[PDB]
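See below for the structure under consideration.
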Amino acid sequence: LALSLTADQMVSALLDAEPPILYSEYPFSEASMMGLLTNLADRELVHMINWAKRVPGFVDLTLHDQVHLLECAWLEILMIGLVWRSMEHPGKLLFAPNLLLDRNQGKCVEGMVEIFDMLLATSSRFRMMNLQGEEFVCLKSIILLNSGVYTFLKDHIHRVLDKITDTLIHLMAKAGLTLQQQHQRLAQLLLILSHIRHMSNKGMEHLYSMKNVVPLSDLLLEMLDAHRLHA
Amino acid sequence: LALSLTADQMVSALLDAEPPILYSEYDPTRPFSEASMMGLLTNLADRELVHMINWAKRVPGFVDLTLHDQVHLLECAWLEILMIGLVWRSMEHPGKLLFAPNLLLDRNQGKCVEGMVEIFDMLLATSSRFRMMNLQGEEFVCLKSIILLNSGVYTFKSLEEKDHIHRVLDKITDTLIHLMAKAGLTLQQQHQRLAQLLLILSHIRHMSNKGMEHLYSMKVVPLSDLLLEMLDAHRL
Amino acid sequence: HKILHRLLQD
Amino acid sequence: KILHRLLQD
Ligand SMILES: O=S(=O)(Oc1cccc(F)c1)[C@@H]1C[C@@H]2O[C@H]1C(c1ccc(O)cc1)=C2c1ccc(O)cc1
Ligand SMILES: O=S(=O)(Oc1cccc(F)c1)[C@@H]1C[C@@H]2O[C@H]1C(c1ccc(O)cc1)=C2c1ccc(O)cc1
């Protein structure tokens with residue numbers, strides 16, 4: 001059913017599936033900083049799972065295939081979401097409407113400031129590029145379907161990914177871009193995905209080290225263990 | 001300089017700058033041990049790095065960057081570059097990784113080193129993807145150059161080097177599309193293939209990150225001063 | 001099994 | 001750095 005959708009139908013479907021922006025719990029230490037972020041990420045994961053089920057083609061996958069994709073891409077997905085909503089706030093990371101942080105605060109947690117800087121740089125990149133919401137949701141779904149497609153030790157997913165490419169190009173053509181500007185922008189956006197993968201990997205590397213600072217939920221741990229099981 | 005090149009000039013430049021395929025010192029009579037396997041791979045990578053550094057200098061736009069930026073990019077991308085090279089020369093060897101013409105390994109041999117087989121499986125999967133797509137040599141050199149310029153661009157008040165890099169990257173994209181148009185692909189097919197190729201770069205990053213993680217945990221066999229300094233850039 | 005096994009089915 | 005040197009040659 002996903003492949004039969006038009007470009008507009010794909011966009012509408014993705015926009016409609018968008019998760020809500022959650023608030024943080026209402027003077028930061030290492031423990032307090034991690035507590036807020038962990039609690040927030042945990043609540044976001046539940047919404048992500050229901051968002052994923054609404055990404056066209058995802059439902060067509062076996063339960064195990066769905067688990068694997070989400071296990072691979074969860075932090076990437078949180079990160080691109082964070083960068084997206086931080087766009088209108090140069091120099092800051094909008095974790096929640098009531099939680100806007102600068103790099104200075106990233107220092108509260110060892111090794112986190114380096115990730116903050118990467119995230120801030122990504123946000124600026126999106127801002128420089130004038131990323132549209134319709135493009136954002138396309139990128140986010142791509143991360144979901146792509147990041148774990150090989151790890152699968154595949155045609156359906158690749159056909160869906162093609163569909164999303166068509167959709168991205170369709171959006172750009174509407175924005176009035178030239179054919180050359182279309183493929184250059186396409187490349188620019190997809191290359192940023194490599195950096196988002198990089199951020200996830202490095203962040204994950206730290207996250208499954210410090211499991212014990214604060215208490216992590218059973219779900220958050222199972223998501224983490226999925227990556228730690230290979231480190 | 002790099003910005004005045006035509007698509008055909010970019011390709012011929014990249015092709016001419018290709019490094020040679022080096023041999024390992026694999027003695028078909030050892031047969032193996034974690035240490036020996038790693039000795040071979042380490043020995044090979046070290047010699048490859050020397051060729052990689054001189055190859056980078058021939059990538060259009062690279063020498064326009066400050067020395068410090070050149071160092072950063074290579075420190076970021078060295079393993080990704082080795083990996084895409086490995087996957088490229090392994091294309092015509094299903095189920096096998098061609099580290100060198102005299103060193104063709106399968107996944108079972110990859111079990112010789114703890115945690116390395118997981119990476120082998122990902123590398124094999126990547127080679128399988130390239131073979132499916134029938135990746136061309138002209139496309140390969142474009143992708144490898146993109147890795148060099150892109151991987152470290154977001155972790156560097158000049159600001160104009162990052163900009164210079166983006167223009168060069170845009171030109172490589174122009175070149176890729178040019179090749180696909182020449183191949184007879186339709187507009188939709190060009191855009192689709194371009195995306196397919198670039199998405200693979202995300203997986204090459206992933207493989208490098210996971211591999212690097214293992215590499216700088218076990219800094220065992222002599223790790224040539226160059227290698228140590230390259231790994232150190234990522235550690236810890 | 002996995003908590004993710006649930007939630008997905010729900 | 002070594003890399004620094006080889007690039008510098
Ligand atoms: O990549 S990190 O910055 O993680 C760490 C955590 C500690 C040290 C360190 F170097 C890195 C990551 C990104 C951001 O901040 C860390 C973090 C997070 C922390 C704990 C956790 O259980 C889950 C997520 C983040 C986060 C959380 C929610 C969100 O919507 C977007 C990003
Ligand atoms: O990513 S790995 O597999 O490294 C690992 C991963 C896990 C355990 C381990 F010991 C090493 C990597 C990929 C391939 O095999 C490992 C490796 C390598 C090993 C040692 C070294 O000093 C440098 C590179 C590889 C390699 C080497 C050369 C080349 O042209 C392409 C790939």
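Quick note on naming: the chains in the structure tokens go A, B, ... in the order shown, residues restart at 1 in each chain, and ligands are numbered from 1 in order of appearance.
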
When you look at residue 8 of chain D with a cut-off of 12 Å (counting only C-alpha atoms), what residues show up, excluding the ones that are within fewer than 4 positions of it in the same chain? I need them as a PyMOL selection string. (chain B and resi 53-54+57+63+66-68+70-71) or (chain D and resi 1-4)

Site check for ligand 2: residues at most 7 Å away, only C-alpha atoms and all ligand atoms, as an mmCIF file with N, CA and C atoms, in the first residue's frame:
data_model
loop_
_atom_site.group_PDB
_atom_site.id
_atom_site.type_symbol
_atom_site.label_atom_id
_atom_site.label_comp_id
_atom_site.auth_asym_id
_atom_site.auth_seq_id
_atom_site.Cartn_x
_atom_site.Cartn_y
_atom_site.Cartn_z
ATOM 1 N N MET B 38 45.655 -10.383 12.727
ATOM 2 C CA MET B 38 45.718 -8.962 13.040
ATOM 3 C C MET B 38 47.048 -8.366 12.594
ATOM 4 N N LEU B 41 46.532 -7.847 8.747
ATOM 5 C CA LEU B 41 45.618 -6.739 8.488
ATOM 6 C C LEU B 41 46.229 -5.403 8.898
ATOM 7 N N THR B 42 46.902 -5.394 10.044
ATOM 8 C CA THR B 42 47.561 -4.191 10.535
ATOM 9 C C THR B 42 48.694 -3.783 9.602
ATOM 10 N N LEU B 44 49.049 -4.501 6.463
ATOM 11 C CA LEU B 44 48.472 -4.063 5.199
ATOM 12 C C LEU B 44 47.932 -2.639 5.292
ATOM 13 N N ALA B 45 47.110 -2.387 6.306
ATOM 14 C CA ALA B 45 46.502 -1.073 6.500
ATOM 15 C C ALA B 45 47.553 0.024 6.605
ATOM 16 N N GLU B 48 48.858 0.808 3.252
ATOM 17 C CA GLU B 48 47.777 1.445 2.507
ATOM 18 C C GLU B 48 47.622 2.909 2.903
ATOM 19 N N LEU B 82 39.514 2.866 3.828
ATOM 20 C CA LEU B 82 40.031 1.507 3.715
ATOM 21 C C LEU B 82 38.887 0.530 3.471
ATOM 22 N N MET B 83 37.789 0.729 4.194
ATOM 23 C CA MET B 83 36.640 -0.169 4.123
ATOM 24 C C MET B 83 35.944 -0.158 2.765
ATOM 25 N N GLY B 85 37.223 0.700 0.031
ATOM 26 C CA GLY B 85 38.195 0.119 -0.876
ATOM 27 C C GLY B 85 38.127 -1.395 -0.836
ATOM 28 N N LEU B 86 38.084 -1.947 0.372
ATOM 29 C CA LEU B 86 37.973 -3.389 0.557
ATOM 30 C C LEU B 86 36.708 -3.927 -0.103
ATOM 31 N N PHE B 99 41.057 -8.700 0.896
ATOM 32 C CA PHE B 99 41.951 -7.745 1.540
ATOM 33 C C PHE B 99 43.157 -7.460 0.653
ATOM 34 N N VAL B 113 39.305 -13.412 15.092
ATOM 35 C CA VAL B 113 39.460 -12.255 15.965
ATOM 36 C C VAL B 113 38.140 -11.901 16.644
ATOM 37 N N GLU B 114 38.175 -11.790 17.967
ATOM 38 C CA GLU B 114 36.975 -11.521 18.753
ATOM 39 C C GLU B 114 36.241 -10.262 18.298
ATOM 40 N N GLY B 115 34.973 -10.424 17.933
ATOM 41 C CA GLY B 115 34.122 -9.301 17.585
ATOM 42 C C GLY B 115 34.313 -8.774 16.176
ATOM 43 N N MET B 116 35.246 -9.369 15.439
ATOM 44 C CA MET B 116 35.539 -8.918 14.082
ATOM 45 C C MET B 116 34.562 -9.494 13.058
ATOM 46 N N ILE B 119 31.718 -7.348 11.982
ATOM 47 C CA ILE B 119 32.115 -6.340 11.008
ATOM 48 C C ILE B 119 32.237 -6.960 9.622
ATOM 49 N N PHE B 120 32.799 -8.164 9.564
ATOM 50 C CA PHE B 120 32.929 -8.884 8.302
ATOM 51 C C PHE B 120 31.574 -9.062 7.626
ATOM 52 N N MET B 207 30.079 1.093 10.123
ATOM 53 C CA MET B 207 31.094 0.048 10.164
ATOM 54 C C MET B 207 32.416 0.576 10.711
ATOM 55 N N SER B 208 32.817 1.756 10.249
ATOM 56 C CA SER B 208 34.049 2.376 10.722
ATOM 57 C C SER B 208 33.993 2.638 12.223
ATOM 58 N N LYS B 210 32.119 1.240 14.577
ATOM 59 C CA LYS B 210 32.135 -0.010 15.331
ATOM 60 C C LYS B 210 33.511 -0.667 15.286
ATOM 61 N N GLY B 211 34.132 -0.654 14.109
ATOM 62 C CA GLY B 211 35.466 -1.203 13.948
ATOM 63 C C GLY B 211 36.502 -0.419 14.730
ATOM 64 N N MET B 212 36.432 0.906 14.626
ATOM 65 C CA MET B 212 37.337 1.787 15.356
ATOM 66 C C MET B 212 37.232 1.525 16.853
ATOM 67 N N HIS B 214 36.457 -1.177 18.416
ATOM 68 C CA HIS B 214 37.199 -2.390 18.731
ATOM 69 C C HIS B 214 38.705 -2.177 18.613
ATOM 70 N N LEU B 215 39.126 -1.469 17.569
ATOM 71 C CA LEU B 215 40.549 -1.263 17.309
ATOM 72 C C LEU B 215 41.282 -0.551 18.444
ATOM 73 N N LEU B 223 51.594 -1.640 16.482
ATOM 74 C CA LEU B 223 50.670 -0.790 15.734
ATOM 75 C C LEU B 223 51.354 0.433 15.128
ATOM 76 N N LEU B 227 49.569 4.299 12.426
ATOM 77 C CA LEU B 227 48.303 3.683 12.810
ATOM 78 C C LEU B 227 47.862 4.134 14.205
#

Counting only C-alpha atoms and all ligand atoms, what are the residues, protein, DNA or RNA alike, that approach ligand 1 to within 9 Å? I want them as a PyMOL selection string. chain A and resi 22+33-42+44-45+75-83+94-96+106+109-116+119+199-211+216-217+220-221+224

Among chain A, which ones does DSSP assign to alpha helix (DSSP H) (computed from the backbone)? Answer as a VMD selection string. chain A and resid 7 to 17 30 to 52 63 to 85 103 to 106 112 to 129 133 to 146 155 to 174 179 to 207 218 to 228

Which of segment 21-160 of chain A end up as strand (DSSP E or B) when DSSP is run on this backbone - answer as a PyMOL selection string? chain A and resi 93-96+99-101

Taking only C-alpha atoms into account, which residues of chain B are within 9 Å of chain A, as a PDB file with N, CA and C atoms, in the first residue's frame?
ATOM      1  N   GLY B 115      34.973 -10.424  17.933  1.00  0.00           N
ATOM      2  CA  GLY B 115      34.122  -9.301  17.585  1.00  0.00           C
ATOM      3  C   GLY B 115      34.313  -8.774  16.176  1.00  0.00           C
ATOM      4  N   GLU B 118      31.373  -9.802  13.205  1.00  0.00           N
ATOM      5  CA  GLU B 118      30.217  -8.922  13.052  1.00  0.00           C
ATOM      6  C   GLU B 118      30.491  -7.859  11.996  1.00  0.00           C
ATOM      7  N   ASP B 121      30.565  -9.413   8.415  1.00  0.00           N
ATOM      8  CA  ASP B 121      29.216  -9.603   7.894  1.00  0.00           C
ATOM      9  C   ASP B 121      28.667  -8.319   7.283  1.00  0.00           C
ATOM     10  N   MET B 122      28.946  -7.193   7.930  1.00  0.00           N
ATOM     11  CA  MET B 122      28.497  -5.898   7.431  1.00  0.00           C
ATOM     12  C   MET B 122      29.237  -5.513   6.155  1.00  0.00           C
ATOM     13  N   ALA B 125      27.904  -7.641   3.376  1.00  0.00           N
ATOM     14  CA  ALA B 125      26.591  -7.134   2.992  1.00  0.00           C
ATOM     15  C   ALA B 125      26.723  -5.904   2.102  1.00  0.00           C
ATOM     16  N   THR B 126      27.698  -5.056   2.416  1.00  0.00           N
ATOM     17  CA  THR B 126      27.951  -3.850   1.638  1.00  0.00           C
ATOM     18  C   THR B 126      28.461  -4.195   0.241  1.00  0.00           C
ATOM     19  N   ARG B 129      25.676  -5.363  -1.813  1.00  0.00           N
ATOM     20  CA  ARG B 129      24.850  -4.244  -2.249  1.00  0.00           C
ATOM     21  C   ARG B 129      25.459  -3.572  -3.476  1.00  0.00           C
ATOM     22  N   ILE B 146      34.041  11.608  -1.682  1.00  0.00           N
ATOM     23  CA  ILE B 146      32.999  12.219  -0.868  1.00  0.00           C
ATOM     24  C   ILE B 146      33.217  11.899   0.605  1.00  0.00           C
ATOM     25  N   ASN B 150      33.602  14.699   3.336  1.00  0.00           N
ATOM     26  CA  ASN B 150      32.380  14.834   4.131  1.00  0.00           C
ATOM     27  C   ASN B 150      32.478  14.385   5.593  1.00  0.00           C
ATOM     28  N   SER B 151      33.176  13.281   5.837  1.00  0.00           N
ATOM     29  CA  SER B 151      33.187  12.650   7.159  1.00  0.00           C
ATOM     30  C   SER B 151      33.605  13.560   8.321  1.00  0.00           C
ATOM     31  N   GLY B 152      34.555  14.460   8.081  1.00  0.00           N
ATOM     32  CA  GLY B 152      35.073  15.293   9.153  1.00  0.00           C
ATOM     33  C   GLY B 152      34.691  16.758   9.063  1.00  0.00           C
ATOM     34  N   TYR B 154      32.005  18.304   9.781  1.00  0.00           N
ATOM     35  CA  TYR B 154      31.165  18.834  10.857  1.00  0.00           C
ATOM     36  C   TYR B 154      31.798  18.711  12.243  1.00  0.00           C
ATOM     37  N   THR B 155      33.074  18.340  12.290  1.00  0.00           N
ATOM     38  CA  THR B 155      33.786  18.237  13.560  1.00  0.00           C
ATOM     39  C   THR B 155      35.138  18.941  13.510  1.00  0.00           C
ATOM     40  N   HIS B 166      31.954  22.243   0.633  1.00  0.00           N
ATOM     41  CA  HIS B 166      30.584  21.982   0.206  1.00  0.00           C
ATOM     42  C   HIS B 166      30.410  22.156  -1.298  1.00  0.00           C
ATOM     43  N   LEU B 169      31.988  19.213  -2.912  1.00  0.00           N
ATOM     44  CA  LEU B 169      31.061  18.102  -2.730  1.00  0.00           C
ATOM     45  C   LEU B 169      29.904  18.189  -3.721  1.00  0.00           C
ATOM     46  N   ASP B 170      29.389  19.399  -3.922  1.00  0.00           N
ATOM     47  CA  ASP B 170      28.317  19.620  -4.885  1.00  0.00           C
ATOM     48  C   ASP B 170      28.756  19.224  -6.290  1.00  0.00           C
ATOM     49  N   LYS B 171      30.015  19.498  -6.613  1.00  0.00           N
ATOM     50  CA  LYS B 171      30.549  19.180  -7.934  1.00  0.00           C
ATOM     51  C   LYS B 171      30.682  17.676  -8.146  1.00  0.00           C
ATOM     52  N   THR B 173      28.722  15.527  -6.770  1.00  0.00           N
ATOM     53  CA  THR B 173      27.338  15.130  -6.996  1.00  0.00           C
ATOM     54  C   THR B 173      26.973  15.355  -8.457  1.00  0.00           C
ATOM     55  N   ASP B 174      27.323  16.531  -8.974  1.00  0.00           N
ATOM     56  CA  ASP B 174      27.120  16.837 -10.385  1.00  0.00           C
ATOM     57  C   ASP B 174      27.751  15.755 -11.247  1.00  0.00           C
ATOM     58  N   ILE B 177      25.740  12.349 -11.075  1.00  0.00           N
ATOM     59  CA  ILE B 177      24.552  12.458 -11.915  1.00  0.00           C
ATOM     60  C   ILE B 177      24.923  12.402 -13.393  1.00  0.00           C
ATOM     61  N   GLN B 188      14.360  10.069 -12.900  1.00  0.00           N
ATOM     62  CA  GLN B 188      13.916   9.412 -11.676  1.00  0.00           C
ATOM     63  C   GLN B 188      14.940   8.379 -11.218  1.00  0.00           C
ATOM     64  N   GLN B 190      18.198   8.347 -11.914  1.00  0.00           N
ATOM     65  CA  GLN B 190      19.414   9.027 -11.482  1.00  0.00           C
ATOM     66  C   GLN B 190      19.301   9.443 -10.022  1.00  0.00           C
ATOM     67  N   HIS B 191      18.212  10.131  -9.697  1.00  0.00           N
ATOM     68  CA  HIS B 191      17.969  10.594  -8.338  1.00  0.00           C
ATOM     69  C   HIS B 191      17.892   9.423  -7.363  1.00  0.00           C
ATOM     70  N   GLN B 192      17.237   8.345  -7.786  1.00  0.00           N
ATOM     71  CA  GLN B 192      17.098   7.161  -6.945  1.00  0.00           C
ATOM     72  C   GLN B 192      18.444   6.494  -6.667  1.00  0.00           C
ATOM     73  N   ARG B 193      19.257   6.334  -7.706  1.00  0.00           N
ATOM     74  CA  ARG B 193      20.565   5.702  -7.557  1.00  0.00           C
ATOM     75  C   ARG B 193      21.505   6.561  -6.715  1.00  0.00           C
ATOM     76  N   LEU B 194      21.484   7.868  -6.956  1.00  0.00           N
ATOM     77  CA  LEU B 194      22.292   8.802  -6.182  1.00  0.00           C
ATOM     78  C   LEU B 194      22.007   8.648  -4.694  1.00  0.00           C
ATOM     79  N   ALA B 195      20.725   8.549  -4.355  1.00  0.00           N
ATOM     80  CA  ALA B 195      20.306   8.380  -2.971  1.00  0.00           C
ATOM     81  C   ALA B 195      20.756   7.028  -2.431  1.00  0.00           C
ATOM     82  N   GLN B 196      20.581   5.989  -3.242  1.00  0.00           N
ATOM     83  CA  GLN B 196      20.987   4.642  -2.861  1.00  0.00           C
ATOM     84  C   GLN B 196      22.468   4.598  -2.505  1.00  0.00           C
ATOM     85  N   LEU B 198      24.471   7.175  -1.633  1.00  0.00           N
ATOM     86  CA  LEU B 198      24.784   8.018  -0.483  1.00  0.00           C
ATOM     87  C   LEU B 198      24.318   7.401   0.833  1.00  0.00           C
ATOM     88  N   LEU B 199      23.220   6.653   0.785  1.00  0.00           N
ATOM     89  CA  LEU B 199      22.718   5.975   1.975  1.00  0.00           C
ATOM     90  C   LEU B 199      23.685   4.890   2.434  1.00  0.00           C
ATOM     91  N   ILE B 200      24.409   4.309   1.484  1.00  0.00           N
ATOM     92  CA  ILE B 200      25.411   3.298   1.800  1.00  0.00           C
ATOM     93  C   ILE B 200      26.553   3.918   2.600  1.00  0.00           C
ATOM     94  N   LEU B 201      26.792   5.207   2.379  1.00  0.00           N
ATOM     95  CA  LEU B 201      27.824   5.933   3.115  1.00  0.00           C
ATOM     96  C   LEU B 201      27.536   5.956   4.613  1.00  0.00           C
ATOM     97  N   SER B 202      26.256   5.983   4.970  1.00  0.00           N
ATOM     98  CA  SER B 202      25.849   5.938   6.370  1.00  0.00           C
ATOM     99  C   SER B 202      26.249   4.611   7.005  1.00  0.00           C
ATOM    100  N   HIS B 203      26.157   3.543   6.220  1.00  0.00           N
ATOM    101  CA  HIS B 203      26.510   2.213   6.699  1.00  0.00           C
ATOM    102  C   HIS B 203      28.022   2.046   6.788  1.00  0.00           C
ATOM    103  N   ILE B 204      28.741   2.688   5.874  1.00  0.00           N
ATOM    104  CA  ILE B 204      30.198   2.681   5.914  1.00  0.00           C
ATOM    105  C   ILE B 204      30.708   3.439   7.143  1.00  0.00           C
ATOM    106  N   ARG B 205      30.025   4.526   7.497  1.00  0.00           N
ATOM    107  CA  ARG B 205      30.325   5.258   8.725  1.00  0.00           C
ATOM    108  C   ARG B 205      30.117   4.350   9.928  1.00  0.00           C
ATOM    109  N   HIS B 206      28.972   3.676   9.943  1.00  0.00           N
ATOM    110  CA  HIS B 206      28.618   2.792  11.040  1.00  0.00           C
ATOM    111  C   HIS B 206      29.689   1.726  11.223  1.00  0.00           C
ATOM    112  N   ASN B 209      32.899   3.243  12.676  1.00  0.00           N
ATOM    113  CA  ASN B 209      32.723   3.541  14.094  1.00  0.00           C
ATOM    114  C   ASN B 209      32.822   2.297  14.972  1.00  0.00           C
ATOM    115  N   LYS B 210      32.119   1.240  14.577  1.00  0.00           N
ATOM    116  CA  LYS B 210      32.135  -0.010  15.331  1.00  0.00           C
ATOM    117  C   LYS B 210      33.511  -0.667  15.286  1.00  0.00           C
ATOM    118  N   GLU B 213      35.999   1.376  17.327  1.00  0.00           N
ATOM    119  CA  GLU B 213      35.731   1.114  18.733  1.00  0.00           C
ATOM    120  C   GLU B 213      36.508  -0.110  19.205  1.00  0.00           C
ATOM    121  N   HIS B 214      36.457  -1.177  18.416  1.00  0.00           N
ATOM    122  CA  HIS B 214      37.199  -2.390  18.731  1.00  0.00           C
ATOM    123  C   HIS B 214      38.705  -2.177  18.613  1.00  0.00           C
TER     124      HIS B 214
END

Report as CSV: every residue of chain C with an atom at most 7 Å from chain A, its closest pair of atoms, and their distance in Å to one decimal, counting only C-alpha atoms, with rows sorted by chain and ascending residue number.
residue,atom,partner,partner_atom,distance
C:3,CA,A:219,CA,6.0
C:4,CA,A:67,CA,6.6
C:5,CA,A:67,CA,6.9
C:8,CA,A:49,CA,6.3

Next, write the just-selected residues to a file, as a JSON list (two decimals), in the first residue's frame, keeping C-alpha atoms as the atom set.
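Output file out-v3.json is given in full below:
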[["chain", "number", "residue", "atom", "x", "y", "z"],
["C", 3, "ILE", "CA", 9.53, -4.95, 25.89],
["C", 4, "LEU", "CA", 9.79, -3.72, 22.30],
["C", 5, "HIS", "CA", 8.06, -6.91, 21.16],
["C", 8, "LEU", "CA", 4.82, -2.59, 18.73]]

With 12 Å as the limit and counting only C-alpha atoms, what residues in chain B lie close to chain D? Please list them as number ranges by chain. B: 46, 49-58, 62-63, 65-75, 78, 224-233

Provide the atom CA of residue 134 of chain A to atom CA of residue 4 of chain A distance in Å, to one decimal place.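 Separating atom CA of residue 134 of chain A from atom CA of residue 4 of chain A is a distance of 19.1 Å.
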